[PDB]
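Asker: Structure below; questions to follow.
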Amino acid sequence: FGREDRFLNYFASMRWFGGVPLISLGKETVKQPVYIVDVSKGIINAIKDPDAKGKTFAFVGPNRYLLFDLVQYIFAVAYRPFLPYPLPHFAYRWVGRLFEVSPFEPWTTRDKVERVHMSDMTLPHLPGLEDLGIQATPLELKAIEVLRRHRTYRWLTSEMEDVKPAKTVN
Amino acid sequence: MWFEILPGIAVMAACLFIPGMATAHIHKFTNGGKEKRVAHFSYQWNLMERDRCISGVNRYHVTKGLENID
Amino acid sequence: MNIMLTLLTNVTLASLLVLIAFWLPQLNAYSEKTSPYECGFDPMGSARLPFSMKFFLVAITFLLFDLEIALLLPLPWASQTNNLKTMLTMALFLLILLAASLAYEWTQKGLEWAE
Amino acid sequence: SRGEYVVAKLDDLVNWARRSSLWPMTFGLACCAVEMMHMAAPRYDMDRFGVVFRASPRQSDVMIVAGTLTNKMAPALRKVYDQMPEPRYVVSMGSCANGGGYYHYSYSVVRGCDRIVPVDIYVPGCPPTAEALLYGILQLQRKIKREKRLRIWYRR
Amino acid sequence: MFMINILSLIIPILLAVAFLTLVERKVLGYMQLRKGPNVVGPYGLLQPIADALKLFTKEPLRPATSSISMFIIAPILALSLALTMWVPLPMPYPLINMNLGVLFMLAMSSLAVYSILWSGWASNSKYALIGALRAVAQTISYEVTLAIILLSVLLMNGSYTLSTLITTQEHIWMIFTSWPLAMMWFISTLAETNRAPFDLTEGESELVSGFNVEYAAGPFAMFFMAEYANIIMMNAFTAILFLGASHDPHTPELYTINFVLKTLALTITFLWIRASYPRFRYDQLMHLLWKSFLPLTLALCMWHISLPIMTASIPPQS
Amino acid sequence: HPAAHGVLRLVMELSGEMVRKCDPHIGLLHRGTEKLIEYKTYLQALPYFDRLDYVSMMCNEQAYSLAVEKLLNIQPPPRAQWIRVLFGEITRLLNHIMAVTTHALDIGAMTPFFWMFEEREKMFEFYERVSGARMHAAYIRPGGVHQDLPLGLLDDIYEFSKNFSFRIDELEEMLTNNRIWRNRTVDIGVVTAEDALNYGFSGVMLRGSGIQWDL
Amino acid sequence: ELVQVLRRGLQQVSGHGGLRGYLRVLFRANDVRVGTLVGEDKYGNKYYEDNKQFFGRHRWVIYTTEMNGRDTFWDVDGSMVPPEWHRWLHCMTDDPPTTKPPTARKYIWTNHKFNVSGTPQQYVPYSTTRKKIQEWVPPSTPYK
Amino acid sequence: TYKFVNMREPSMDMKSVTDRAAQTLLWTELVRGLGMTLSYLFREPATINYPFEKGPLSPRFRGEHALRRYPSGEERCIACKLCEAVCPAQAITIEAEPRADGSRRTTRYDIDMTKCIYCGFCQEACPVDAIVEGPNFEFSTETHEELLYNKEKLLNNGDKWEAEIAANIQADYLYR
Ligand SMILES: COC1=C(OC)C(=O)C(C/C=C(\C)CC/C=C(/C)CC/C=C(\C)CC/C=C(\C)CC/C=C(/C)CC/C=C(\C)CC/C=C(\C)CC/C=C(\C)CC/C=C(/C)CCC=C(C)C)=C(C)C1=O
Ligand SMILES: CCCCCCCCCCCCCCCCCC(=O)OC[C@H](COP(=O)([O-])OCC[N+](C)(C)C)OC(=O)CCCCCCCCCCCCCCCCC
Ligand SMILES: CCCCCCCCCCCCCCCCCC(=O)OC[C@H](COP(=O)([O-])OCC[N+](C)(C)C)OC(=O)CCCCCCCCCCCCCCCCC
Ligand SMILES: CCCCCCCCCCCCCCCCCC(=O)OC[C@H](COP(=O)([O-])OCC[N+](C)(C)C)OC(=O)CCCCCCCCCCCCCCCCC
Ligand SMILES: CCCCCCCCCCCCCCCCC[C@@H](O)O[C@H](CO[C@H](O)CCCCCCCCCCCCCCC)COP(=O)(O)OCC[N+](C)(C)C
Ligand SMILES: CCCCCCCC/C=C/CCCCCCCC(=O)OC[C@H](COP(=O)(O)OCCN)OC(=O)CCCCCCC/C=C/CCCCCCCC
Ligand SMILES: CCCCCCCC/C=C\CCCCCCCC(=O)OC[C@H](COP(=O)(O)OCCN)OC(=O)CCCCCCC/C=C/CCCCCCCC
Ligand SMILES: CN(C)C(=N)NC(=N)N
Ligand code: SF4
Ligand code: SF4
Ligand code: SF4
């Protein structure tokens, strides 16, 4: 997640389509997004680390959220009304099929819907940012960098601390 | 020189000719080759309606006369 | 009928031009691209703050003079009456009163902007 | 192919308008800006080429960084460049804008406007003549001609 | 067929707007010892096309602080009213033969005033706000002066119908009849159309593009098109009102040619004035009309009320 | 900003459109010229003066050369001094053209700008012929001038001087008696003689206020 | 009267060889003047002069349609002129290369090259000096 | 001596008062401005048809730099570093060593064209007329690095523009 990302922008761009369609209301999906600067710093450190030659690293954020809580926090930071509703999986897949006929960059696809519904895996054995020397940056600190653009003039100047952190699942 | 301004002015003039000439041609075409009737008052509008009624073809510009009375 | 049709035509053409403008070209908008313009530096305050209007009195006088022109507009038909003497007298009465209002405001410095 | 032919002709059409309708931002620094004024002067009239100065960065296509860029001025130049909408091109003019110029080893000079904004054309001189800047503008136009955005999209 | 007539009125007007852009460029160039556009096509004839394509293929942006609803409406209103002002003009046959063919023009102009106001206010920028208030002041001044001048000139005519204006000017010209009102009306049309020396709402030297500072790409091109269409329309209105061409019912093409020539002469005079003169200051413009034009305008209105009565030359009502 | 000369930040406090205070922020074109001069030699520091007021180049060069010659206790030859005076007056014409035309452009008049800038192009041709650089000549140096005039420069300067009074007259036909220009410029920025002297104004400011002073 | 000027225009149409040549010169040079041919170089560029025109427009060049390996029918550069015609065109002298050829040297390039920027022929900077410090080379024979 | 620019006063006689009133009501000076603008419209423009017509220049013109040679083909530069010493912008870097034949010749001669101020001191200080500022000025590049010249690039410029540079030096060397 970052300024030019897909994740936060994709979740914050559902304003135009009325409410927010979620599979099982987003109650069965757990995700821990990772900060772009943290990913880049880890990539740079892996180059300079001599004993990371043939390894596999997992880069995840410090907090795990339910999908519903994450989208609710995204809309709260963007200061947009949040109106979620459950959409059955086959209907959401058909909707994604409709949107992928765009010759240009599609807004959403069936694979994107599948990935959004899928929960992030837990891989304790693989190393991570703490092993590469990077402290993972929590979402609550850098969320305002991405979601301030999605606000209106009414709430443009609202401060970072004005929105409570989302309910984590740890 | 200064005469290279003329072609742009000529094109603009040609563009400005089109509205009035087109309107005149459409008026003549849709009014039986005559000027579109100007009805600024109820009397002239009633004249147009009577012309429609007497024509028998529901067109006011179709004019009937002595050959029609007899 | 025709006037409504041509109003619809003009509005539809303008809306289609807006749609073409906002959907044909490539869009790449970020926070700094859409920021307000203040000649390269950030604005000190907000553009929604009160903005002093030094000609407030002239606007009210404009309201009254708009009423005056509203009264004076039907003159071309008023010249077709038989009572030409009365019509001319009342038209000149209205115009003289308008001139007197302008003269009073000018002499009392209502036309001078606030400092 | 029909599709490749259509996109090639469409790309030529689009690049022609942008090539022949350059609207530089009214933006000059230091001595190099006077040569822009002499370029706009009757002797080397820029308007005949389709090059018209506009004041608002929103209504501008090209930024001519003409003159010395200082540390106190760099944020403003970056801000106006950002506020200029795409497609946007940059022509740096003179040694100060190219590199450091006469003031390269100065505490209050940015050694090159390309440290701040991506530069498309570099015009060398101190100051480059109006003819030199006109040559740079024509070179920028030729660079625009070689862009193939629809051709990149079709084969993407 | 009426839709075909509407299209024939609309599209050539936009073409004339683009080539007026080109003509103004070249005229100013040759008055300033330059050449103007002569590279894009033969004598620069493709320059308007290149500029239009560039503007409509460039990215438009909406400011973060802008009110988007009124940000989009303003160019729509401006262009729609600029195109709508052309429907009652007789050349020599109007598209829409309104009985009150002048009050419609006044009302639509007063409505087109709000386009720049709403564009400036919606932009949520200080220069746009300043341009909007300059528009307010300019509208005040030219509105009152235009109203009285038009009342007097049409009082010489008999009604508010432009075909009746043609019939009135069959023999001689309203410029001969009422040249002082003609000069003041020309100044008022300059102020109404926001041309130099009264380009205060978009004063480039004092403000960075004024009310349209935040407008780019297509929406800006719509403001430019509306401005130039208003320029041509007001010059055509002045030509019809003061320079009456002879009309032959059987061959109405001669009237169209004369009308277009007079309109082009007046538009070139507009460009000539812009090249020649500096810019006013909006308080000086307000004091120019209220303190100089308005008294003389009232005096001339009284004179033109009294003249037909005292000379037994009151025009026919119909 | 078009009227801010590109590199001036003027923080203004406005009540409506009336000005309450002006707070010019300068230094956006600060380069450290004096420090660099301290680090350069006397010959290597002349172009710094050449680039200080880039509308009076040979005038800045002449001032620096006079300072260095005064410190050196030497004297330029008479031909060098005459060349310096001639090109100083040519540069004064250049600067006054630029000033008046940009003033009229900020006010709303551009055709005088274009005409007088064609004249400026001719004077740039003179500069380039005498020095090789169109504006930043670096021609006047401590001790005289770098090189002698070419064998047609005096005749061309005579032709230009002969055909320039008409240009000035055409400029005056457009602004001097124009009522709009008089409205814009008359009684604007009035400075008294005592205030000008105390604030340290020099040249055209003092002479406009009425002070009979010319160096 | 304007009749004489119209005749001059028609002569320029005929002077260029007809409608085809007139249009070709008009659409690639934006000027349809005719003047004496001073000369032509090896690359196809033609050079004309007309002293009746004011200083600045009394010498001009019609660029070739193909230079080296580039199709230069439309995209004409200001750097395509070789040095001698460049000097004559920019009026550093009144003597054309045809009348006054320059001195011939064994090192001067035979074929002029225009601005090669943006092409695989562009200049790329590098250090022209060798390595200052020589590293020690350990022996290839083990000590043990 | 001195003169007053604005110190006149208008005569108050009836004819002059009426003339001023006519000028106020009938915009005489505005018509004069229109007439001047119309005159300029009917005049001939000064625009040259670039790039087919080039602006005038002089043999003293300072353009792109070049390294010259003797007619024998030997390089003129003797690595004396006078240009490097006198360069106001420190845009010249020179490193030399004895050549295979013992000549005093440079191995590195770099000029930074983004740092040079084109002041011409290097060609003044050269005692062998090796470094010159040639007549070319149309050498704008699309990348920054292309403007960091070295000895090979400057020698190529000298070989490319040798005829014109030699002609200009012959024309202007009696004033130096
Ligand atoms: C240091 O800093 C500097 C300063 O200090 C800050 C300075 O002061 C200066 C000095 C600067 C100056 C002196 C410059 C000022 C002086 C000047 C003279 C500048 C003048 C500027 C102007 C006149 C600008 C005005 C022009 C503009 C903005 C261009 C706008 C162009 C347009 C075309 C407008 C848009 C029009 C449109 C969109 C019309 C579109 C039409 C339609 C949609 C109609 C469609 C019709 C159809 C489709 C019909 C088709 C029919 C047919 C037959 C075609 C079919 C054929 C097919 C092939 C299909 C300088 C240099 C400087 O450096
Ligand atoms: C005088 C007229 C005034 C009004 C003019 C109104 C506009 C008229 C414009 C006509 C030409 C339009 C050409 C396409 C412009 C694309 C702009 C753009 O952003 O492109 C980049 C984009 C680039 O896409 P991308 O895939 O590279 O996007 C990734 C971009 N990054 C990496 C930065 C995120 O191209 C496209 O999106 C493809 C567009 C395809 C074409 C769309 C339809 C055009 C139809 C035109 C008429 C066709 C007529 C029939 C064929 C005739 C053939 C001779
Ligand atoms: C004729 C009516 C037109 C109405 C307006 C339509 C927009 C186009 C206006 C005219 C200008 C055209 C210019 C050239 C083409 C570019 C514009 C264009 O076509 O964009 C298309 C857009 C383009 O996407 P874009 O965002 O990349 O647009 C930019 C385009 N370029 C790259 C060229 C700059 O594509 C689509 O819309 C594809 C998906 C179509 C189906 C979904 C539509 C939106 C969702 C609606 C349904 C939501 C609920 C789903 C479930 C429904 C059932 C329950
Ligand atoms: C169902 C339609 C809803 C439309 C809603 C939007 C428009 C609202 C105004 C009413 C409809 C338009 C006018 C209909 C006239 C019907 C009668 C007719 O044809 O009369 C012939 C008359 C003919 O002229 P006449 O009346 O002098 O002559 C009588 C007829 N003869 C010639 C026979 C003697 O037409 C007119 O007079 C033209 C008047 C036009 C007035 C237009 C007013 C509305 C302008 C816009 C208002 C909204 C502004 C919004 C601003 C932006 C907001 C975001
Ligand atoms: C309403 C919707 C939009 C309408 C758009 C279509 C209407 C306009 C049609 C196109 C306008 C004319 C384009 C062609 C311009 C020719 C001018 C000529 O000079 O250009 C030459 C050739 O033009 C371009 O090189 C080729 C690209 C332009 C033509 C594209 C192919 C046709 C595209 C489709 C046109 C019809 C549109 C159909 C789909 C809408 C080379 O010029 P250039 O080298 O630079 O100039 C160098 C400077 N010189 C002159 C001094 C030497
Ligand atoms: C006429 C309307 C008023 C009727 C009586 C109402 C009295 C109480 C209401 C007062 C409001 C009226 C205000 C208008 C007049 C007051 C204006 C005023 O005080 O000064 C008038 C002003 C002063 O100018 P200066 O002193 O030179 O300025 C110096 C600046 N340094 O001069 C004027 O007189 C201008 C007035 C012009 C219009 C006056 C209207 C009256 C004229 C009536 C003539 C027609 C009579 C009809 C007879 C017909 C015979 C056949
Ligand atoms: C009839 C055949 C004979 C022809 C000769 C007759 C001509 C003489 C007729 C009477 C002439 C009237 C002269 C009065 C005008 C002079 C008044 C005057 O000078 O006022 C001074 C002063 C100067 O203005 P300032 O604001 O100070 O300028 C800024 C300075 N820093 O002016 C004023 O104060 C304003 C005076 C009131 C203005 C009145 C204007 C409105 C009335 C005119 C409308 C038309 C006339 C109305 C009907 C007239 C008949 C009743
Ligand atoms: C005088 N200088 C340096 C300007 N930039 N001037 C200007 N009017 N833009
Ligand atoms: S490169 Fe030279 S002329 Fe240009 S701004 Fe720098 S010092 Fe001035
Ligand atoms: S011209 Fe001047 S700044 Fe440039 S390299 Fe030569 S001595 Fe250095
Ligand atoms: S002054 Fe001349 S000889 Fe000396 S190092 Fe420089 S280029 Fe070589």
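Going by the structure tokens order, chains are called A, B, ..., each with residues numbered from 1, while ligands are numbered from 1 in the order shown.
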Pick out the residues no farther than 7 Å from ligand 9, counting only C-alpha atoms and all ligand atoms, and list them as an MDAnalysis selection string.

Answerer: (chainID D and resid 29:32 66:68 93:97 101:102 125:127) or (chainID F and resid 51) or (chainID H and resid 117)

Asker: Those same residues, written as a tab-separated table (two decimals), in the first residue's frame with C-alpha atoms?

Answerer:
chain	number	residue	atom	x	y	z
D	29	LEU	CA	14.64	33.47	-14.15
D	30	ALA	CA	17.75	35.63	-14.34
D	31	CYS	CA	19.42	36.67	-17.60
D	32	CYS	CA	18.40	33.69	-19.74
D	66	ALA	CA	15.41	29.71	-18.31
D	67	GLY	CA	17.89	30.96	-15.73
D	68	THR	CA	19.40	30.07	-12.38
D	93	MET	CA	18.08	26.83	-21.05
D	94	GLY	CA	21.52	28.15	-20.18
D	95	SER	CA	24.37	26.79	-18.10
D	96	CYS	CA	22.65	27.62	-14.80
D	97	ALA	CA	19.59	25.53	-15.64
D	101	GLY	CA	26.56	27.53	-14.60
D	102	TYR	CA	28.74	30.33	-13.27
D	125	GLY	CA	24.78	28.68	-23.73
D	126	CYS	CA	25.14	31.65	-21.44
D	127	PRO	CA	22.66	32.82	-22.55
F	51	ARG	CA	25.47	39.02	-15.05
H	117	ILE	CA	29.72	30.56	-19.22

Asker: Near stretch 88-96 of chain G, within 8 Å and counting only C-alpha atoms, which residues show up once chain neighbours fewer than 2 positions away are dropped, as a PyMOL selection string?

Answerer: (chain G and resi 38+59-61+84-86+98-101) or (chain H and resi 53-59+168)

Asker: As a PDB file with C-alpha atoms, in the first residue's frame, please: the residues near residue B:9 (cut-off 8 Å, only C-alpha atoms, same-chain neighbours under 6 positions excluded).

Answerer:
ATOM      1  CA  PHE E  19     -10.653  30.786 -37.508  1.00  0.00           C
ATOM      2  CA  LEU E  20     -11.287  34.013 -35.588  1.00  0.00           C
ATOM      3  CA  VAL E  23      -7.249  35.741 -37.569  1.00  0.00           C
ATOM      4  CA  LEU E 264     -15.995  40.864 -39.910  1.00  0.00           C
TER       5      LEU E 264
END

Asker: Provide as a list in words the residues of chain F at most 7 Å from chain H, counting only C-alpha atoms.

Answerer: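 In the required form, that comes to residues 44, 128, 129, 131, 132, 133, 147, 148, 173, 174, 177 and 178 of chain F.
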
Asker: When you look at residue C:30 with a cut-off of 10 Å (counting only C-alpha atoms), what residues show up, excluding the ones that are within fewer than 6 positions of it in the same chain? I need them as JSON, numbers by chain.

Answerer: {"A": [3, 4, 146, 149], "D": [82, 83], "E": [64]}

Asker: Could you tell me, counting only C-alpha atoms and all ligand atoms, which protein and nucleic acid residues lie no more than 7 Å from ligand 6, written as a list in words?

Answerer: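 Residues lying within 7 Å of ligand 6: residues 96, 97, 99, 100, 101, 103, 104 and 107 of chain C.
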
Asker: Report as a ChimeraX atom specification all protein, DNA and RNA residues lying within 12 Å of residue B:32, evaluated on only C-alpha atoms, omitting residues in the same chain fewer than 2 positions from it.

Answerer: /B:25-30,34-37,59-63

Asker: Please save N, CA, C and O atoms of the selected residues as a PDB file, in the first residue's frame.

Answerer:
ATOM      1  N   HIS B  25     -32.490  28.854 -47.445  1.00  0.00           N
ATOM      2  CA  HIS B  25     -32.805  27.713 -48.295  1.00  0.00           C
ATOM      3  C   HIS B  25     -33.783  26.764 -47.615  1.00  0.00           C
ATOM      4  O   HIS B  25     -34.674  26.212 -48.267  1.00  0.00           O
ATOM      5  N   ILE B  26     -33.629  26.554 -46.307  1.00  0.00           N
ATOM      6  CA  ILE B  26     -34.541  25.670 -45.589  1.00  0.00           C
ATOM      7  C   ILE B  26     -35.925  26.300 -45.474  1.00  0.00           C
ATOM      8  O   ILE B  26     -36.945  25.607 -45.571  1.00  0.00           O
ATOM      9  N   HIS B  27     -35.989  27.618 -45.272  1.00  0.00           N
ATOM     10  CA  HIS B  27     -37.280  28.298 -45.258  1.00  0.00           C
ATOM     11  C   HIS B  27     -37.990  28.144 -46.595  1.00  0.00           C
ATOM     12  O   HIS B  27     -39.185  27.832 -46.644  1.00  0.00           O
ATOM     13  N   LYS B  28     -37.268  28.358 -47.696  1.00  0.00           N
ATOM     14  CA  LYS B  28     -37.880  28.211 -49.013  1.00  0.00           C
ATOM     15  C   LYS B  28     -38.281  26.766 -49.282  1.00  0.00           C
ATOM     16  O   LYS B  28     -39.331  26.507 -49.880  1.00  0.00           O
ATOM     17  N   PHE B  29     -37.454  25.813 -48.856  1.00  0.00           N
ATOM     18  CA  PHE B  29     -37.728  24.406 -49.122  1.00  0.00           C
ATOM     19  C   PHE B  29     -38.961  23.922 -48.370  1.00  0.00           C
ATOM     20  O   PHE B  29     -39.768  23.162 -48.916  1.00  0.00           O
ATOM     21  N   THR B  30     -39.126  24.349 -47.122  1.00  0.00           N
ATOM     22  CA  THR B  30     -40.208  23.873 -46.274  1.00  0.00           C
ATOM     23  C   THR B  30     -41.446  24.758 -46.333  1.00  0.00           C
ATOM     24  O   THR B  30     -42.397  24.519 -45.582  1.00  0.00           O
ATOM     25  N   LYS B  34     -41.468  29.672 -51.154  1.00  0.00           N
ATOM     26  CA  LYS B  34     -41.773  31.038 -50.765  1.00  0.00           C
ATOM     27  C   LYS B  34     -41.162  31.329 -49.402  1.00  0.00           C
ATOM     28  O   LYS B  34     -40.667  30.434 -48.712  1.00  0.00           O
ATOM     29  N   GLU B  35     -41.194  32.602 -49.018  1.00  0.00           N
ATOM     30  CA  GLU B  35     -40.706  32.992 -47.703  1.00  0.00           C
ATOM     31  C   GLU B  35     -41.578  32.384 -46.615  1.00  0.00           C
ATOM     32  O   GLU B  35     -42.795  32.257 -46.771  1.00  0.00           O
ATOM     33  N   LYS B  36     -40.946  31.997 -45.509  1.00  0.00           N
ATOM     34  CA  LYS B  36     -41.695  31.492 -44.367  1.00  0.00           C
ATOM     35  C   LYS B  36     -42.638  32.569 -43.852  1.00  0.00           C
ATOM     36  O   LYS B  36     -42.237  33.720 -43.659  1.00  0.00           O
ATOM     37  N   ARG B  37     -43.896  32.195 -43.639  1.00  0.00           N
ATOM     38  CA  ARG B  37     -44.890  33.157 -43.190  1.00  0.00           C
ATOM     39  C   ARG B  37     -44.537  33.665 -41.801  1.00  0.00           C
ATOM     40  O   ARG B  37     -44.225  32.879 -40.902  1.00  0.00           O
ATOM     41  N   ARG B  59     -51.352  21.841 -45.348  1.00  0.00           N
ATOM     42  CA  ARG B  59     -50.163  22.654 -45.576  1.00  0.00           C
ATOM     43  C   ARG B  59     -50.617  24.065 -45.911  1.00  0.00           C
ATOM     44  O   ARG B  59     -51.356  24.265 -46.880  1.00  0.00           O
ATOM     45  N   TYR B  60     -50.180  25.041 -45.114  1.00  0.00           N
ATOM     46  CA  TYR B  60     -50.636  26.411 -45.325  1.00  0.00           C
ATOM     47  C   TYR B  60     -50.046  27.015 -46.591  1.00  0.00           C
ATOM     48  O   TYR B  60     -50.684  27.860 -47.226  1.00  0.00           O
ATOM     49  N   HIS B  61     -48.833  26.607 -46.971  1.00  0.00           N
ATOM     50  CA  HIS B  61     -48.179  27.199 -48.130  1.00  0.00           C
ATOM     51  C   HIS B  61     -48.803  26.767 -49.450  1.00  0.00           C
ATOM     52  O   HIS B  61     -48.500  27.374 -50.482  1.00  0.00           O
ATOM     53  N   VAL B  62     -49.657  25.748 -49.447  1.00  0.00           N
ATOM     54  CA  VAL B  62     -50.386  25.354 -50.648  1.00  0.00           C
ATOM     55  C   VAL B  62     -51.553  26.319 -50.813  1.00  0.00           C
ATOM     56  O   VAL B  62     -52.530  26.261 -50.064  1.00  0.00           O
ATOM     57  N   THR B  63     -51.455  27.208 -51.795  1.00  0.00           N
ATOM     58  CA  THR B  63     -52.400  28.302 -51.953  1.00  0.00           C
ATOM     59  C   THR B  63     -53.411  27.994 -53.050  1.00  0.00           C
ATOM     60  O   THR B  63     -53.059  27.472 -54.111  1.00  0.00           O
TER      61      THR B  63
END

Asker: For a test of reading the model, state the distance in Å between atom CA of residue E:280 and atom CA of residue F:180, rounded to one decimal.

Answerer: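 Result for atom CA of residue E:280 versus atom CA of residue F:180: 6.5 Å, one decimal.
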